[PDB]
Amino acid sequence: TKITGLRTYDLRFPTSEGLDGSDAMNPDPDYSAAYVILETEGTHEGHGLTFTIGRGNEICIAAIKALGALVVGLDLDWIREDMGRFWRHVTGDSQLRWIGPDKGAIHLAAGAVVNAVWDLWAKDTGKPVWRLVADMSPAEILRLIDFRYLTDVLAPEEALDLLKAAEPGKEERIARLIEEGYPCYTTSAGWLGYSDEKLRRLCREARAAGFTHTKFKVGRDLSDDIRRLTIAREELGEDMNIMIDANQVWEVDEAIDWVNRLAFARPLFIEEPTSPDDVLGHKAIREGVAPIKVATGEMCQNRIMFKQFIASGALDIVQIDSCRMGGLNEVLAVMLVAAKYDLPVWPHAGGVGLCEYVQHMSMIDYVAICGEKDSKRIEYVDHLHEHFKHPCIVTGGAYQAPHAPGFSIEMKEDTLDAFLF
């Protein structure tokens, strides 16, 4: 098996029509995917994407094509033999690095390409990605990871120790995952553009469906936020766990004041109270709003930023995203850093296929990394699943473990045509 070529698709979805996805920073996102297919001589092709919200998708497409120079011609076996090495290779063109390094368009693109390789690998061995990785030995998992710029906080040796400690009880955890699935929260009732009436109805739906955790957007208007959360609490009941998300809009002092004003709602955490680059700022906010926790990560650019968020105690909840960074391999590195510091990972999802991606990632985290899932929640959003050949399945507040070979991200063929920008 050789990667013999690649195709790209600038796919954009009219989510702004009903303001699905709307928040304090992004009032009218058009959920989009910079989509890549890695060609082989064989029966399988590697599908992958990275998520954007409309304009700018074509920049990610440009970056994917640039990265293709590094991937077309590779033997899949050379990749599998040491994927950490492949990861260094694909993020290691010094000239392409200049455009980053490991941030912005070039890293979004790497997420798509790297995950497409995983899709191909999984399809070839006949396993869903979560099982492909979960079945690996500690050394095999360790080999997937490029540790460059991590070693002062988590060196390979300490990562290997964590992996070995998790190894006993994988089989039992795999069985448990099959029986129970992995718990998730819903953001579906929370988009900032929704009318109060729509908020009420969707809160009731979320409660009826069996979700125990629900997330709501805040951050544009304090009066609106107080009203909305009061209404949300009314419909949801006192037992429901509520979280809130400001989407980066606040200054540090502003964040502290505003969150504390929403304390009556008993939010578990505030997500992204400020810029996703501001480690020290998140830490300041964290101290100022305790016992309300702080979550961030959906735009955290790479493992180097995550390691500083985690090591400095700037956050309570680590929200990795499946394709913001360099795909699965870098996510795994961050999950290991989080495990060292005993911080829970609650992945960002929704978007286009992000649920499809992160379901696998958390399941690896549960089976082979930290061994705990019950107190955690993967994000879930009920948008755009009809475009996927193997959509995530969620019922009673939990993702069912994927069965199909691959990374669950492959779209129906018609979608690749109808939504081409």
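Residue indices: 1-based, along the sequence shown.
Between 18-26 and 400-408, the higher mean Cα B-factor belongs to 18-26.
Comparing 332-340 with 216-224, the stretch with the higher mean C-alpha B-factor in the PDB entry is 216-224. The entry assigns its greatest Cα B factor, within the set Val133, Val252, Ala349, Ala109, to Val252. Considering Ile141, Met240, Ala165, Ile310 together, the PDB entry gives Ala165 the largest C-alpha B factor.
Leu70 sits in the highest third of its chain by CA B factor, as recorded in the PDB entry.
For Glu180, the recorded CA temperature factor ranks within the highest third of the chain's modelled residues. Split the chain's modelled residues into thirds by C-alpha temperature factor. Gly42 is in the highest one. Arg80 sits in the highest third of its chain by CA B factor, as recorded in the PDB entry. In the deposited entry, the Cα temperature factor of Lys373 sits in the bottom third of values across the chain's modelled residues.
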